[PDB]
Amino acid sequence: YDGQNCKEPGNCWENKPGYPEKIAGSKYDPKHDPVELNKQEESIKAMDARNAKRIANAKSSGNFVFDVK
Amino acid sequence: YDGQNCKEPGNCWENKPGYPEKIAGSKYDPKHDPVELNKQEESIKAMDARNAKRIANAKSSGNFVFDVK
Amino acid sequence: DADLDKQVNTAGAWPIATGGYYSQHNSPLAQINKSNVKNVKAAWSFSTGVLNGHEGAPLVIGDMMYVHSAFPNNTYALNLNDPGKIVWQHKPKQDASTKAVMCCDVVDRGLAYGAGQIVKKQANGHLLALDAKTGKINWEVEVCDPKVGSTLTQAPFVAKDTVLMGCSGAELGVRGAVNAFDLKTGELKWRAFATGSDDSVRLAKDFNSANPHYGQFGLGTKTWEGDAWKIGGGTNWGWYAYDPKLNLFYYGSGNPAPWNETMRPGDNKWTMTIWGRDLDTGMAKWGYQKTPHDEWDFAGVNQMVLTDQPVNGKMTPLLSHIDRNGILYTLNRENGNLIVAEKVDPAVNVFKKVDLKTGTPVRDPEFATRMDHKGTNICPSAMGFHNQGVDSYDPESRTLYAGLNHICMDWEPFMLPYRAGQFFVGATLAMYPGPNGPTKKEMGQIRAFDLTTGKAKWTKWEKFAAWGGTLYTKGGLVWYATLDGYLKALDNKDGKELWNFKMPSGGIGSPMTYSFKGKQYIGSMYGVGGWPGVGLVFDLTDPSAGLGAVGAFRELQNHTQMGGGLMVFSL
Amino acid sequence: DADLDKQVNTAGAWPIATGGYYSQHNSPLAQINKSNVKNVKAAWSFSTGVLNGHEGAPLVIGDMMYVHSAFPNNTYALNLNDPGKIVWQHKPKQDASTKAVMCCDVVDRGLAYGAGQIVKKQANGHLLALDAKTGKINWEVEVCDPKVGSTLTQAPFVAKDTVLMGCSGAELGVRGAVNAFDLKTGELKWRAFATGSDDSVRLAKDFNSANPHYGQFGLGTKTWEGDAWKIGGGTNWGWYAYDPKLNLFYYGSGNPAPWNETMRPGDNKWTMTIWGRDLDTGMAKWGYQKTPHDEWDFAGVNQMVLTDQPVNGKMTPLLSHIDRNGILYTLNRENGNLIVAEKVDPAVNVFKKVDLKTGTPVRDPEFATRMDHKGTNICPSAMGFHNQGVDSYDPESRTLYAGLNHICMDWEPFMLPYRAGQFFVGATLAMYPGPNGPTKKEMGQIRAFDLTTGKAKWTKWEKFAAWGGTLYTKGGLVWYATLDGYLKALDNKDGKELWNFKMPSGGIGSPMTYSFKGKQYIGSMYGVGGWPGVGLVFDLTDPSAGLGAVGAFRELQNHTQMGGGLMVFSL
Ligand SMILES: O=C(O)c1cc(C(=O)O)c2c(n1)C(=O)C(=O)c1cc(C(=O)O)[nH]c1-2
Ligand SMILES: O=C(O)c1cc(C(=O)O)c2c(n1)C(=O)C(=O)c1cc(C(=O)O)[nH]c1-2
Ligand SMILES: [Ca+2]
Ligand SMILES: [Ca+2]
């Protein structure tokens, strides 16, 4: 694996000798929990909502309040 | 009470007007607990013993050790 | 905005952490020069009342200076006419737990300025705009969630009516993104992620049209197995640059997560990428991945320096950057064309070289990392041959003065699960001095480079890594702070040390300069910390602790102790 | 011992915190003078890596300097040939709970030296002797028990083969005592208590033979009701003085406990007493109680200054001292005769005056304190018109340059029980500036005095209290640090300010000086704290908090922030 054998432009990864092409099902399977994987997105969704409310409240009231609800 | 009326040399205290000569039995009685009052002396006794042991051990061994037993 | 432009065009002002939109971190102030620098003395000083690493440097707007501390991220405003009076101050209330999810000390790289406001963030993820004269909070919004391991450390960057802000946390699997906010209201305009769908990464319709071989569409997911990109890193916590004419801002996305390369097969795009994005829409015009499938934590967030220089006699709009991987890159900043890709030190061995035609590193398997194997004598180490330091450029001699690290390592990864809010590293390291120091113990270098060829002009060795960076002033001086506590000035011609002052503690930020009432001043933060100082700062002694930094910097505490403040010098 | 004497007689050395055995805190070094002080600049600096108040000053033995921090009481040894290298260091491991029983910030007033050892203590009560060259611990013993509210803050004092050390804690009912230890082994020689039986107080057979009206035997218990003396305070946490020829050491015992005067009727001897004790046996030759039955927390621990001057033409061996109560005292140091007792400022109203014949203060009932009454506009306040500052004496003009406080108060006591380990104050206060400042807002003064008459020669006002003290150097300069962060130098003839430098944080110690390679250096600690800075240091805003100091010093945090270090200056 010297990075010079590309299956497609910009995709040149190769498994090293003795390692799998795909880790799913192998002894290197990370077995990630989808629930954990999606936590960042869920947090951002809720956070964006809180900020939107702050922005809207400041616009309508004329004063900015962080704890608005 | 101007400090100039001494009952004896070096003992010039006087109760202020309207205050008791002795506070024991008065509304200003501190009611200190005897055992509680002696805590400092008891602590020093134990402390002095610990130091004595450290000093003695250092003199006999030639090396100073704070935690000796 | 127009106000920031006004300050940028004000002689002696310092409204941008990197020295200007092009981030050349230099100054035309020449009162202090090679002939009189020996007479420079301390003017005054200011303690922040906070310990831990004090990165960045203060801002100077008009006759006011703004100083910032490490977590809890305090801001202090001073009028230069009386440094003894704190005009206003902002002391954030943050949960102590915020520190638990910060990988590399509770550092803060600085404040920004725009529309008459000081733009500041907090480690806990808040971004605020405070009136520059009164300190009144105009807006305060959430940018990162510490509960999932996301925090804020980099300096915000202001361009037009936009504030760019990126979260930190790749060591905790945080998916990186540059977030854009309205300078006036704090409203979220958009965010460009480093991994995932092209829509989420915000790629222009003609993304990399000039270099299709760099890769174009669908790679944010195709170069990963399954949903691994969701916790794929790529955080940008370094520095930015901006070209007003092209309306493009530039920055580098960080390392992929976890450090265990075996757990994430694929090029892992678009982590460790140099970007050219439209400021208004955030759409990437071009993107160059420096380190496909990272195996060494060469977080690609280092400074982007824009310059206009002749390449083989032809004037060209350039972008230069020295990555953690030890390669000095120079690209055409308009289209992303790769022009230079040279090793900053011959010790670099992860790559035999970077192929200018294929555009990728020619990897040397002997120095790769992988499961069930301990790689040894790998250079650079994860701390890189260059980290968060801000370097300087002299437009006359056309030279970049780089603050480098000369540290290599041993590395072995291991399997571990991902749990939002918990660290997600997966590797054990041992770091030590590189092989080329005069006594093989030196870990720092100030090395001058020609950015059009990538060739060095001179070198000055330092016992410890040159972590903070360098500042160049027209008097022909290269200023920089050392981890052991000195502020130094070198002759830019040969690196000869001309002046030095023993500050209270090591400096991990880059010096700044400004003028006030007819006099040039040099300012430097002090207070050792950051990754190099974790051993000293957190009372660690295990050589492998601190991601392996403890062993490498075990001697630092014999030269300095913690601190937190600013020291100013002048003639 | 002999080794200490060698250092004392070494030009340019600084082996004693107070400047010498007589504690005149001065120096014959005259390189820096009135004509060239304007050219003094910072030489180098050193951060301790600790915050909170940094009292005291470093020691210089030969070509080595020893720096100390606030709790956890770290020691740093530096060779002056290279201040960047920490030759050796001692960083104690102490329970954080120790800070909870410290009344007035976690301060440390300095190190001592003797028999080639650095004598250092820790707030948790440990006293150690470390080899001055290697830092090796030769001995470590317990002196105070924090579990009963006893801690260590004052600098140890070495005389011959003895180390004098006194515990702090009167605010917690700690019964004061000067503890004496063997300089070579750390073995307890004896301890002289401030209250109790004559045997425990250690009074010579001829105690006060020259002034029987001062009181003699049995008063350690007779001037108290019952066993109240057992928790009667009298701790000595200030400074000492020593006369080798007379073999007498001097110091002042602290305030009686609790602050509630109604809970302890009687003169409360021997708290608030100036002592003259034999160094080898600890037996008191004489003892003068300055404030019988304290009602204002005028802890009588202030500096003792020994001088030999003509009193109205007759040469006399003197001891001078400015107490918290606002009275400047000058006594014959051989026999205790009272010679001078003048108010350092006319605002003092607790006493109409001190009667030289009766030897006691003529109390003014209008400004006394007592249960069920709120005393108002009482001067001095509990912080005193003079606190822990170390003043200087110019032997040529025969002048003492005193760092004074100009703060008064309102006070009302309240009943409370005693529980070992818990605070035992019993009073609520309000403090504010005295009535004589130029704008009636100033709280500090540098006032020059003739010790044989108690009359002032000149006054320089300061916004905040002159807490640290002053240093006098032969070039005709009075050096001092301010709470707002400046190190200053005044013309000793008129008090005119000739030089100043803005240090990182306020200074609460007194400046020191030494010579290295023939060059004179001035050293000052920085890092605000102590009683004045409790509001800033502990985030307090209640004006009555900090024993009433918070309100009085509310503006300090607008001028300075915490810090911790040393700054050195020279030509
Ligand atoms: O992946 C990330 O998000 C992240 C964040 C930070 C940071 O924000 O301090 C560092 C790093 N990585 C790490 O790669 C690194 O080398 C580093 C050094 C420092 C520093 O300030 O000394 N921070 C960081
Ligand atoms: O009664 C005592 O034992 C005791 C101890 C201390 C100390 O050791 O810090 C202070 C005081 N009292 C208190 O009276 C006082 O004015 C004071 C000021 C300071 C300081 O360092 O600023 N300490 C102390
Ligand atoms: Ca990283
Ligand atoms: Ca007291």
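Just so we're on the same page: letters track the sequence lines, and every chain starts at 1. Just so you know, these numbers use all the heavy atoms, side chains as well, and skip hydrogens, waters and symmetry mates. All ligand and atom numbering here is 1-based and tracks the order in the structure.
Checked against C:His386 for a side-chain hydrogen bond (donor to acceptor under 3.5 Å, both in side chains), the options C:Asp323, C:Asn405, C:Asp391 give a single hit: C:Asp391. For the side-chain hydrogen bond (donor to acceptor under 3.5 Å, both in side chains) criterion with C:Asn73, the lone passing option out of C:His68, C:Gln94, C:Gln122, C:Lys121 is C:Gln94.
Taking any N or O of C:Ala170, backbone or side chain, at least one lies under 3.5 Å from an N or O belonging to ligand 1. Looking at C:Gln388 next to ligand 1, no N or O pair under 3.5 Å apart turns up.
When distances from the Ca ion (ligand 4) to the N, O or S atoms of D:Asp297 are compared, OD1 comes out shortest.
Heavy-atom proximity to C:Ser168, at under 4.0 Å, picks out these atoms of ligand 1: 3 (O), 5 (C), 7 (C), 8 (O). Which parts of ligand 1 touch C:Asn255 is read off a 4.0 Å heavy-atom cut-off, strictly below it: atoms 1 (O). In summary, the atoms of ligand 1 found under 4.0 Å from a heavy atom of C:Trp467, numbered by their order in the structure, are 18 (C), 20 (C), 22 (O). Close contacts between ligand 1 and C:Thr235 involve ligand atoms 1 (O), 2 (C), 3 (O) [criterion: under 4.0 Å to a heavy atom]. Which parts of ligand 1 touch C:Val107 is read off a 4.0 Å heavy-atom cut-off, strictly below it: atoms 21 (O).
With hydrogens and angles left out, the side-chain atoms of C:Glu55 and C:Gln388 include a donor and acceptor closer than 3.5 Å.
In terms of protein heavy atoms, atom 20 (C) of ligand 1 is closest to C:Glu55 OE2, 3.2 Å. Shortest contact from atom 12 (N) of ligand 1 to any protein heavy atom: C:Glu171 OE1, 3.1 Å. In terms of protein heavy atoms, atom 9 (O) of ligand 1 is closest to C:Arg109 NH2, 3.0 Å. Looking only at heavy atoms of the protein, atom 8 (O) of ligand 1 is closest to C:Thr153 OG1, 2.5 Å.
Ligand 1 is approached by C:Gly169 to a heavy-atom distance shorter than 4.0 Å.
Shown here for C:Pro433 and C:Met443, the closest heavy-atom pair between the two residues is CG-CG, 3.6 Å.
When non-hydrogen atoms are compared, ligand 1 lies under 4.0 Å from the side chain of C:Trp237 (C-beta onward) but not from its backbone. If you look at C:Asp105 next to ligand 1, there are no close heavy atoms at all, none under 4.0 Å. The side chain of C:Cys103, and not its backbone, has at least one atom closer than 4.0 Å to an atom of ligand 1 (non-hydrogen atoms only; side chain from C-beta on). With a 4.0 Å cut-off on non-hydrogen atoms, C:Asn387 touches ligand 1 through its side chain and not its backbone.
Taken from CG in C:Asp105 to CG in C:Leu536, the straight-line distance is 9.5 Å, to the nearest 0.5 Å.
Around atom 16 (O) of ligand 1, the closest heavy atom drawn from C:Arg324, C:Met383, C:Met102 belongs to C:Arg324.
Ring geometry for C:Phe464 versus C:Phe553: interplanar angle under 30°, hence parallel rather than tilted (30 to 60°). A parallel orientation is assigned to the rings of D:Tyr251 and D:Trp275, their planes being inclined by less than 30° (bins at 30° and 60°).
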Could you check D:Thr153 against D:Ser168 for side-chain hydrogen bond (donor to acceptor under 3.5 Å, both in side chains), going step by step and ending with a plain yes or no? CA-CA 7 Å; D:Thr153 63; D:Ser168 291; 3.2 Å; yes
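Under the 6.0 Å distance and 45° angle rule, D:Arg324 does not count as a cation-pi partner of D:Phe385. Under a cutoff of 6.0 Å and an axis angle of 45°, D:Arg175 and D:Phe193 form a cation-pi pair.
Contact annotation: C:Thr235 places no N, O or S atom under 3.0 Å from the Ca ion (ligand 3).
The ring of C:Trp411 has its center closer than 6.0 angstrom to the ring center of C:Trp259.
A salt bridge does not link C:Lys120 to C:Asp108: none of the charged side-chain nitrogens sits closer than 4.0 Å to a carboxylate oxygen.
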